[PDB]
Amino acid sequence: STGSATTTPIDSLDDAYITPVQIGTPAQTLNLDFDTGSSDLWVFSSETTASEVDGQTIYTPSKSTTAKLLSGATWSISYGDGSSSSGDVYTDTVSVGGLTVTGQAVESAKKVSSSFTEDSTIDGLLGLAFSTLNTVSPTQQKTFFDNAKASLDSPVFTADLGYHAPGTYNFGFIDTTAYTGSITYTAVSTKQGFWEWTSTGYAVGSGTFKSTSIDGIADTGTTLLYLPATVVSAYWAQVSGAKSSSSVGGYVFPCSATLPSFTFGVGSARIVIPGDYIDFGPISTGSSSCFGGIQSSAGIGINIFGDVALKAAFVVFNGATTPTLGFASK
């Protein structure tokens with residue numbers, strides 16, 4: 001089997017991407033944030049504290065003839081950005097782009113943090129990291145991909161995120177028309193539960209490539225590119241007037257600037273992020289100070305190849321017995 005679904009930016013900045021997901025019988029379609037950095041499929045629901053729901057579409061398990069309470073199971077998750085959610089668990093039928101999993105754990109939120117409430121466009125998350133990170137207790141549950149894998153034509157999914165435009169998540173096949181050149185594959189460590197890999201270096205603009213190992217995670221659920229402070233300083237030094245602002249929370253730059261590109265290495269291959277992808281616009285409405293899309297990972301504890309990086313590539317998440325990651329230009 002295969003599946004193919006369009007993923008759409010939630011706003012003009014590509015802060016996140018939503019993908020329609022069919023849950024239950026008859027189908028209830030929710031728009032979920034596909035997140036290769038986590039492993040829970042959770043949704044706003046009829047059980048979510050009413051004051052914490054503000055415009056989201058909810059899953060109502062009592063209206064699904066295939067929903068079953070997973071007795072005794074609870075979940076609770078905290079994300080790198082400080083947001084969180086928790087609740088109980090149903091199993092139900094879940095379909096993405098024509099690919100159907102029966103008996104998928106659907107984690108129903110009883111509580112969500114303010115960041116989730118305040119974003120009316122995201123109805124929940126669909127985790128695509130390794131199932132070892134799944135938070136359901138006392139019986140850990142599998143991701144949608146893990147459940148689908150054996151049935152897929154090939155045990156892979158691909159992320160093709162757009163810049164200020166829709167893109168595609170495919171399951172079970174590689175669309176050879178969706179990228180240019182060849183896909184370069186690179187090793188993955190699953191030791192921390194992530195799609196963790198090592199970039200071979202970077203360049204700023206038309207500058208020389210610096211060969212250096214940068215361990216990080218491919219994370220569709222993180223907006224920005226978080227890299228070591230040395231790398232980030234070298235980038236922003238090429239933008240007149242750019243500076244790190246402790247009050248704003250990262251590097252800012254004059255909105256009148258033209259940003260240089262940023263290149264990262266994948267083996268001997270190179271992925272170029274155009275400068276415009278690094279512009280996250282005014283820090284507040286009407287400001288001439290703009291927020292940067294490349295930020296320091298210092299104090300996150302891990303480097304994160306988030307959407308800023310991934311949207312410059314066609315990315316293969318290869319879930320074979322020994323997982324790997326593939327990157328192609330597009």
Side-chain angles (χ1 to χ4, degrees), residues 1-7 18-36 38-62 64-67 69-79 83-109 112-113 116-117 119-141 143-148 150-152 157 169 171-172 221:
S1 61
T2 64
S4 183
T6 299
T7 192
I18 50 171
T19 309
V21 179
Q22 283 70 50
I23 309 176
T25 310
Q28 300 180 38
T29 300
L30 274 66
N31 296 328
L32 306 188
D33 185 350
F34 282 24
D35 180 14
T36 62
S38 69
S39 307
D40 288 49
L41 192 177
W42 74 261
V43 296
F44 279 79
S45 76
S46 55
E47 302 179 327
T48 310
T49 299
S51 62
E52 295 180 352
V53 183
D54 188 6
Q56 295 81 9
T57 295
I58 62 165
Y59 169 58
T60 303
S62 67
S64 174
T65 57
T66 40
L69 178 71
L70 184 62
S71 178
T74 58
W75 63 280
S76 182
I77 192 160
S78 300
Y79 297 101
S83 67
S84 64
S85 52
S86 62
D88 54 19
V89 186
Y90 293 80
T91 56
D92 210 340
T93 302
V94 172
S95 302
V96 176
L99 170 65
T100 301
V101 169
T102 59
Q104 175 63 45
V106 177
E107 302 173 34
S108 168
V112 302
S113 64
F116 288 114
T117 300
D119 183 3
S120 67
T121 70
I122 292 174
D123 302 323
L125 267 65
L126 188 149
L128 291 167
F130 293 88
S131 293
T132 54
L133 295 182
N134 176 266
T135 77
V136 177
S137 176
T139 307
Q140 186 171 67
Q141 300 294 304
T143 70
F144 175 81
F145 179 54
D146 213 336
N147 281 324
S151 304
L152 296 177
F157 67 91
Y169 281 104
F171 292 83

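Here, residue 1 is the first one in the sequence, and each next residue gets the next number. Every heavy atom of this structure was used, including side-chain atoms; hydrogens, water molecules and symmetry mates were not.
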[atom1]-[atom2] distance between [X] and [Y], expressed to the nearest 0.5 angstrom:
X    : Y    : atom1 : atom2 : answer
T100 : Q22  : OG1   : CD    : 8.5 Å
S45  : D123 : OG    : CG    : 11.5 Å
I23  : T57  : CD1   : OG1   : 10.5 Å
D35  : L125 : CG    : CG    : 5.0 Å
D92  : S108 : CG    : OG    : 11.0 Å
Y169 : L99  : OH    : CG    : 15.0 Å

Considering only heavy atoms from C-beta outward, does the side chain of [X] approach that of [Y] to under 4.5 Å?
X    : Y    : answer
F116 : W42  : yes
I18  : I122 : yes
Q56  : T48  : no
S84  : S76  : no
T143 : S131 : yes
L152 : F157 : no
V21  : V96  : yes

| said: Using side-chain contact (heavy atoms from CB on, under 4.5 Å), reason through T121 and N31 one step at a time and then give a plain yes or no. | reply: CA-CA 7 Å; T121 70; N31 296 328; over 6 Å; no

Of all heavy-atom pairs between [X] and [Y], which one has the smallest distance, and what is that distance?
X    : Y    : value
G124 : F44  : N-CD1, 4.3 Å
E47  : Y90  : OE2-OH, 2.7 Å
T60  : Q28  : N-OE1, 2.8 Å
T135 : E107 : OG1-OE1, 4.3 Å
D33  : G221 : OD1-CA, 4.3 Å
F144 : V101 : CE1-CG2, 3.5 Å

Tell me whether [X] contacts the main-chain N or O of [Y] through its side chain, where contact means a donor paired with an acceptor under 3.5 Å.
X    : Y    : answer
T91  : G103 : no
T117 : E52  : yes
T29  : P20  : no

| request: Take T19 and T7, measure what side chain to side chain donor-acceptor pair (under 3.5 Å) needs, and give me the verdict at the end. | output: CA-CA 5 Å; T19 309; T7 192; 2.9 Å; yes

| said: For a side chain to side chain donor-acceptor pair (under 3.5 Å) check, start with the C-alpha distance between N134 and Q141, then their side-chain angles and the critical distance, and finish with the verdict. | reply: CA-CA 6 Å; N134 176 266; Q141 300 294 304; over 6 Å; no

| query | Can you name the residues that form a side chain to side chain contact (heavy atoms under 4.5 Å, CB included) with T2, not counting sequence neighbours? | reply |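 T2 satisfies side chain to side chain contact (heavy atoms under 4.5 Å, CB included) with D153, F173 only.
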
